[PDB]
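An overview of the molecular structure
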Amino acid sequence: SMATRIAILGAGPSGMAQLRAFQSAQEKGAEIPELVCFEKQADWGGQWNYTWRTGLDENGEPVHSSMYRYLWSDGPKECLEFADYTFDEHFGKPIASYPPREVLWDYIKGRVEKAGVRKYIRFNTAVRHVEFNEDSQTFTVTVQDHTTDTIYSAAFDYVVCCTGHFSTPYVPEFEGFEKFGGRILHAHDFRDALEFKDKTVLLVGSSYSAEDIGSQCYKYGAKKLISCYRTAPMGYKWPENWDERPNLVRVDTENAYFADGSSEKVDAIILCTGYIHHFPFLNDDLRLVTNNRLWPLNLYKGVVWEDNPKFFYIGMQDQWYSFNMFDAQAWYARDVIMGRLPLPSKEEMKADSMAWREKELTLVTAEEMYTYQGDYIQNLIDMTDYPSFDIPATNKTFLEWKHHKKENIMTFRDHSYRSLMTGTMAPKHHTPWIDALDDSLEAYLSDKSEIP
Amino acid sequence: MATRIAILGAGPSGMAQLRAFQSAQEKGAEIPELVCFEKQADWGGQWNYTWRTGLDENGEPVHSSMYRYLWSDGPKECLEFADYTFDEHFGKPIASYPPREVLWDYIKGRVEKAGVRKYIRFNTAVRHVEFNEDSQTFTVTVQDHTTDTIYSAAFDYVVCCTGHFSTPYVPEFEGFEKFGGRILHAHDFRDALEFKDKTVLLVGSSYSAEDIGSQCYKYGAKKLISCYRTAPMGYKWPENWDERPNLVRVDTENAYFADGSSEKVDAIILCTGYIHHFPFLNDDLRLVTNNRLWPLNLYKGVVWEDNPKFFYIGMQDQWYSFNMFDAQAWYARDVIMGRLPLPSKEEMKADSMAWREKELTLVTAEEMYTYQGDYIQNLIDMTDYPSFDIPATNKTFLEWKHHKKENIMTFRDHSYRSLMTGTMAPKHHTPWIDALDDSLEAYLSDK
Ligand SMILES: Cc1cc2nc3c(=O)[nH]c(=O)nc-3n(C[C@H](O)[C@H](O)[C@H](O)COP(=O)(O)OP(=O)(O)OC[C@H]3O[C@@H](n4cnc5c(N)ncnc54)[C@H](O)[C@@H]3O)c2cc1C
Ligand SMILES: Cc1cc2nc3c(=O)[nH]c(=O)nc-3n(C[C@H](O)[C@H](O)[C@H](O)COP(=O)(O)OP(=O)(O)OC[C@H]3O[C@@H](n4cnc5c(N)ncnc54)[C@H](O)[C@@H]3O)c2cc1C
Ligand SMILES: NC(=O)c1ccc[n+]([C@@H]2O[C@H](COP(=O)([O-])OP(=O)(O)OC[C@H]3O[C@@H](n4cnc5c(N)ncnc54)[C@H](OP(=O)(O)O)[C@@H]3O)[C@@H](O)[C@H]2O)c1
Ligand SMILES: NC(=O)c1ccc[n+]([C@@H]2O[C@H](COP(=O)([O-])OP(=O)(O)OC[C@H]3O[C@@H](n4cnc5c(N)ncnc54)[C@H](OP(=O)(O)O)[C@@H]3O)[C@@H](O)[C@H]2O)c1
């Protein structure tokens, strides 16, 4: 019961971490501020809360999750496993290294359920506007409760933005899109790969989305796949029915034309072109503007807003590390809010951020990048009671996974790694990835193999 | 004039509001400063077509619900402008059901001739509108996506023209998370070619279902099924189209109906309507209603009763469209300019109740068109807007309704007489079923 009141925006993994950071301080006998957390969806989990919905949701709010059917962990589970809450504790047994979305979801929910932080969240409530008043030094937050269809506002001493940056699509235009007769969609709207069975699918872009959405279409029966790249080819060894081309230049009624002078009939086009940082509830004095990168400017320690240090952002960096980074950020943000870590002058903040940015521009290899984020996280955890974990060993595990992708892009999900928390090696899954058609938690956790 | 006005939206309603003020000025009156905000890159609202779906290039919800191959759903004659005629714009008579691009050209010509483009800030999204009791002004906050800046400005009056067919009502059905085909709302429908040789389920029984179904048919869908929550559409469909009772659930590949039937379905299109959504407004300003001929809380259907300095255009269900917006917009300027003083709050409320009472009386389509006819007539008699022949327009609606009944696939092949020029519309060079090309250039030639 501290005099202050805190608003957390979002109950995805970052917002969960911020609640769980406060709860942990309290469990250790400290006095915490009042917490309110606003979430526009009906349940928590952010990206992990899968929906069939597309575009706008039931209340007219933009659909948040970019996740599709059949999604599994893109990296080794070992690399995101929680320091305070372990896979063996949650599941009671060892499982393979690349669990499907439902299975990861269950695990991340288990940690917040055990913490009892659900009671701070208002669900089905969308944040409309946030304003800072110079007179009272307080934030006014306006939200819409879709359960009662009411709009109200409330006053807060600090605000922590945890609204994510993989939800609002970057969707470039190509010549002839208004004439093309097949479906055009962004990766954000992709749901079931079965919709593209026996079709030719063009994937525009050359990053994680293209890799994975491609692979799903392949696995579930697409006739043929083409992917095209703006600047450099992905360079993996694709299956027989998948080619990689230079950029799309235009499209016609039925066909796509490429910079190499090739052309062919295409059934559907999927833009795998990324996301923008979008904060519609924030005016300029509070609003972060950046491209997706390891070190956004204007965030002291990557979390405190330099123009108004009572506002914080969690998770706004590109994510090589995910969950552990959110915890380190969230722990750091509580300690500054609670007064345990006093902020330096604005000048010092800006000099610190510039050094981080300078170093970021140096980075060339994937290895250097994991290390950089690793060092970032380490610098945060050393400032709080958050427990150190083995970053160098995690980095090494990332490297193995990168190498496995190089070897065979379709089979990397069949490998196993050793837990950094428990030293235990992950078992082989009961069905190989290519044949594991069912993505349900029940099928994963059983022990019946699936038929080819 | 000392005052400043914000018009939100540059579709047909916001174009009408601009064009209203310009007319007053053209006749020598001193008008207020106008600023109009439009989130899209060009005007025309629904009629500005986009391949885009869900969210646009700036992260704003995609506004237009219009699809390839869309044509006027009613006779052009029934929406022809009183002050700007078809013959004037096109130079010649043209058929009665023009494709989207052609109608769009027509409505743009009126505003281009008016020169009102200079009032509009394009690519600018409205984020928040607030009323300040102290200064008796509105603060409007917007995001200019060309410069990625957010700013605000003070206004004496605000006119909301943001439409009500853009935010989908999308109900959930059991099994949607397991169904392997595409599921979309009518709002996201674009090219019917996407469904060639496929079985498409259309949920709902109104205009969207009729027309989205018709396009799929016309462009080669293997089979169509449409299901209705309460009553069948009742038209005589082609051989490959059934009408069934409501969907109850769906599985991996199949849809199950309340009649106990079931079949394999490739794609599901929810034609289930829209909601009135105003994310930039708090409760003191925000209209809440279902789609209907007479929403409550709007005096004369346009003046917000809780704050009479705020107005809404086009929020009614639309039997009449463009003519109705003009009448509202003319009525709104005259009150803004002080030419029509407002009655007390009690009187406003008694007037709206009488309108609502009458609305609840209505049973037949004919009574409805007439009710909106009467509403419009009451509006135009208060201002210099030119009367036009409402009872003749009503009669024309009635012909069109009858033509739909006879044959749902061919109603677009008929012609009607202009209420402004008395001229009969010519038969189009190609019959609807065969008129695959929807371009303006193809429509205006004669092959
Ligand atoms: C397709 C895809 C696959 C991914 N796969 C992996 C993976 O395998 N492993 C991994 O570690 N990471 C993965 N990620 C990264 C993912 O970003 C993180 O795991 C995590 O979800 C980020 O958490 P967050 O809470 O910061 O953002 P989010 O999960 O996006 O949560 C943001 C929350 O804020 C809410 N919100 C937004 N605006 C408002 C508002 N106006 N009012 C109220 N609430 C609002 C949203 O509803 C949501 O709940 C993936 C991301 C994507 C997009
Ligand atoms: C699929 C479909 C077919 C139709 N067919 C016909 C027909 O055949 N004949 C007929 O008479 N009528 C038809 N209509 C009716 C249509 O509503 C009207 O013709 C007309 O478009 C309504 O005009 P409006 O200006 O009120 O709304 P809209 O055309 O919807 O214009 C709203 C405008 O406001 C803007 N806006 C919304 N929010 C913001 C914001 N926050 N900031 C800035 N700008 C914003 C939008 O970008 C848009 O330009 C059809 C409607 C639909 C959906
Ligand atoms: N687990 C991890 O280690 C890890 C690490 C980082 C990110 N991620 C994932 O990154 C994901 C987002 O993936 P993403 O692929 O959607 O975003 P992204 O990584 O930013 O990729 C954007 C992609 O679209 C391409 N592109 C943009 N504009 C284009 C155009 N006009 N024409 C052609 N191509 C264009 C870019 O090409 P260019 O390359 O030429 O710019 C790039 O390939 C999230 O799921 C997150 O999990 C995961
Ligand atoms: N030119 C004209 O004369 C005219 C006049 C009026 C409107 N319009 C048009 O109205 C159009 C809006 O089209 P619309 O069809 O989308 O809006 P709508 O007319 O409100 O259609 C809503 C439809 O969805 C159905 N529905 C809602 N929930 C359902 C559920 N759970 N299950 C099954 N069906 C459900 C309704 O069934 P129920 O009927 O049982 O409620 C109804 O058929 C605009 O295009 C506008 O032009 C045109």
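Residues numbered from 1 in each chain as written, not as in the entry; some residues may be left out. Chains lettered and ligands numbered in written order. Heavy atoms only, no water. Residues with missing side-chain atoms left out of burial classes, pairs and counts.

In its metadata, the entry names X-ray crystallography as the structure determination method and reports 2.55 Å as the resolution.

Remarks on the sheet that holds strand β15 (residues 263-265) of chain A
Residue and element names in this part refer to chain A. Within the open sheet, the three strands sit side by side as β13-β14-β15. Their pairing is antiparallel. Edge positions in the open sheet fall to β13 (248-251) and β15, since each of these has one partner strand only. Strand after strand, the sheet turns through a mean of 25° between neighbouring axes, direction not considered. (Pairing = 2+ DSSP bridges. Helix = DSSP H or I, 4+ residues; strand = E, 2+ residues; numbered from the N terminus. Axes fitted to C-alpha atoms, helices over the stretch in contact; angles between N-to-C directions.)

Focus: the layout of surface pockets
In this model, the second largest pocket occupies a volume close to 850 Å³. Residue composition of the lining of the second largest pocket, by class: 10 nonpolar, seven polar and 17 charged. (1 Å grid on protein atoms, 1.4 Å probe; cavity = no way out; pocket = protein on both sides within 12 Å on 5 of 7 lines; lining within 4 Å. Points joined across faces, edges and corners; volume = space filled by probe spheres on them. Nonpolar A, V, L, I, M, F, W, Y, C, P; charged D, E, K, R; others polar.)

Overview of the site of ligand 1
Residues and elements named next belong to chain A. With respect to spatial proximity, 30 residues lie near ligand 1, and among them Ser-14, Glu-39, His-64, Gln-319 and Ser-322 are the closest. Within the side chain of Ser-14, a nitrogen or oxygen atom sits 2.6 Å from an oxygen atom of ligand 1. Here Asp-74 contributes a backbone N or O atom positioned 3.1 Å from an oxygen atom of ligand 1. Out of a free accessible area of 980 Å², ligand 1 has 90% covered by protein chains. For the shell around ligand 1, the leading source of residues is strand β4 (residues 125-133), giving three residues. Among the residues making up the shell around ligand 1, the classes are represented as 13 nonpolar, 14 polar and three charged. (Near = heavy atom within 4 Å. Polar contact = N/O pair within 3.5 Å; in protein donor to acceptor, adjacent residues only side chain to side chain. Areas by Shrake-Rupley, 256 points an atom, 1.4 Å probe, with all protein chains shown as cover.)

Things to note about the nonpolar core
Core analysis: the largest hydrophobic core is formed by 107 residues, its most contacted members being A:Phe190, A:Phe312 and A:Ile377. Counting contributing residues per domain, this core is built from domain 1 (1-172 + 273-452) and domain 2 (173-272) of chain A, each supplying no fewer than three. Look past the residues within four positions of A:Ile377 in its chain and what remains in contact with it is A:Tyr321, A:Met325, A:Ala328, A:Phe389 and A:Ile391. Counting 104 residues, the second largest nonpolar core, distinct from the first, contains B:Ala95, B:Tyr97, B:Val102 and B:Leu202. (Core = buried A, V, L, I, M, F, W, Y, C linked by side-chain atoms within 4.5 Å. Buried < 20%, exposed > 50% of the residue type's maximum accessible area, 1.4 Å probe, protein only. Domains from an automatic or database assignment. Contact = heavy atoms within 4.5 Å.)

Looking at the packing of helix α1 (residues 12-26) of chain B against helix α5 (residues 322-336) of chain B
Axis angle and axis distance: for two packed helices, these are the angle between their axes and the distance between the axes, and together they describe the pair. Residues and elements named next belong to chain B. The interhelical angle for the contact between α1 and α5, taken along N-to-C directions, is 50°, at an axis separation of 8 Å. The orientation of α1 relative to α5 falls into the category oblique. Crossing geometry of α1 relative to α5 is assigned as right-handed. For the pair formed by α1 and α5, the contact residues are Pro-12, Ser-13, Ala-16, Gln-17, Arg-19, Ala-20, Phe-21, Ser-23 and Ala-24 on the first element and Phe-322, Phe-325, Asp-326, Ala-329, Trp-330, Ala-332, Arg-333 and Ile-336 on the second. Class assignment for the residues of the contact of α1 with α5 results in 11 nonpolar, three polar and three charged. (Parallel < 35°, antiparallel > 145°, perpendicular 65-115°, else oblique. Left-handed = near helix turned anticlockwise from the far one by under 90°.)

Thoughts on the site of ligand 2
Residue and element names in this part refer to chain B. Ligand 2 sits among 30 residues. The nearest are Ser-13, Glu-38, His-63, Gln-318 and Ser-321. Within the backbone of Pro-12, a nitrogen or oxygen atom sits 3.1 Å from an oxygen atom of ligand 2. In isolation ligand 2 has 990 Å² of accessible area, and contact with the protein removes 91% of it. Put simply, the parts of the chain that give the shell around ligand 2 at least two residues each are α1, β4 (124-132) and α5. Here the shell around ligand 2 takes three residues from β4, the largest share from any one element. When its residues are assigned to classes, the shell around ligand 2 shows 13 nonpolar, 14 polar and three charged.

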